[PDB]
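Here you get one chain, nothing else, as structure tokens; it is the form deposited in one PDB entry.
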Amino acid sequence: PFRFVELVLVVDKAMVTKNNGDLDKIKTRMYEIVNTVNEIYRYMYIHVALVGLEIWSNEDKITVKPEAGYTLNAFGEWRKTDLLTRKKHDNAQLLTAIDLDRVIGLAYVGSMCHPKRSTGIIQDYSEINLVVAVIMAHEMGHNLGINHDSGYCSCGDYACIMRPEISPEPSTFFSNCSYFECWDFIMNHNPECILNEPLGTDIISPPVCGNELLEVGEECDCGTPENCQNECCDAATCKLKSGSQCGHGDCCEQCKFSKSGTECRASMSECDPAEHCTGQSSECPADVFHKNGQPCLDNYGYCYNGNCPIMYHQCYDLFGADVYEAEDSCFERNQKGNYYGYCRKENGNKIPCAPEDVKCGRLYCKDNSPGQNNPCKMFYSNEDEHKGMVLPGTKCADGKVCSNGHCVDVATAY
């Protein structure tokens, strides 16, 4: 029912200096602001939990400029190439003491989970936590596909989060328009990364019994006594009550452990073993995938992150029925290094495929659907040039798979 946003916050040098190096103080503000953001989103069926906090107390890792567009793009690039590679999380917001030009916050729209664009920047505009929490909820809202309110959009007799300007007496309410646009985005784009529920040990803020997030030291958390609908839990204490072996988890049914063997996470493919309940625990074991490189689909592919990517299926997903892998000759076009025919990008440049890597650039399919005859059909859209490119891990020859635009021996690929 609820979606979860595992948030990482970054605090710039200017803000550290502004708080005269008091990291405990900065950390406390962050915990406070996120706690309020989580409360704001309850109405949206979304939980927000702080899973990481990076404080640039020495030097900023990007150049933080007043031009918000430059700063957000630089922060997004840094998150994609640095942070995200060493820290799993769904969204990151940069807090800065710099006075950004024209705005007090900025964020990409409908980008939740995107490696670069699931970001936003927030100006430490006020010492009042509720105020910065509103800015944060607003920027994250954009990330969740929400645009500014207007017209008949209403959130009652209060100043709504998504108004284009911040109110001097800000409320914690989202308008009805925000609610529908956010869920329209989730349902039509289904950002997969916000589906999992973070483990208590993943959350770094001090535990709060009643924030609807299961944390270290709690048996259960179902919000305030008023809101709690978990018959397995005593809201005020976050302790189990009545005939309850458990009050949370995919392996907890009616407050009791699901019997051993009960499937709790379905298999995506032969490369993804299903996980089952132990019968003595309330949680589903962590998701296990078989080793990458393992032969799959009767030797037409090799495993890659729980799936078995093969050209046939990619042609099907892109073009529908009656479309198959094209003849080898079609892939030679990947040596052109033109707008669609290349193997990868370097510093934004499109790099032609070396002859041995042609099967790992743009994918070409033979189209024999009704009334069609296109032996070398490919998919190219400048909305996202990567769509249509051969998927990483795809079998490109007997004993070979694609890895970074290169067709390499599968035995040494992983």
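A residue's number is simply how far along the shown sequence it sits, counting from 1.
For the two regions 3-11 and 404-412, the entry's Cα B-factors average higher over 404-412. Higher average CA B factor: 155-163, of the stretches 155-163 and 304-312.
Highest CA B-factor among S205, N143, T85, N188, as stated in the entry: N188.
Going by the entry's values, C343 shows the largest Cα B-factor out of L130, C343, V109, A97. In the PDB entry, a CA B factor belonging to the highest third of its chain's modelled residues is recorded for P352. Per the deposited record, the Cα B-factor of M44 falls in the highest third when ranked against the other modelled residues of its chain.
Among the modelled residues of its chain, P273 has a C-alpha B-factor that falls in the middle third according to the deposited record. In this PDB entry, the Cα temperature factor of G293 sits in the middle third of its chain's modelled residues.
In the PDB entry, a CA B factor belonging to the highest third of its chain's modelled residues is recorded for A266.
There is another form of this protein, the form deposited in another entry, and it is not shown here; the text below is about that form.
Hinge residue for the rigid-part rotation between the shown form and the other one, picked from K366, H248, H114, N299: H248. CA of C193 to CA of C271: farther apart by 3 Å or more in that other deposited form than in the shown form. Relative to this form, the distance between the C-alpha atoms of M187 and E383 is reduced by at least 3 angstroms in that other deposited form.
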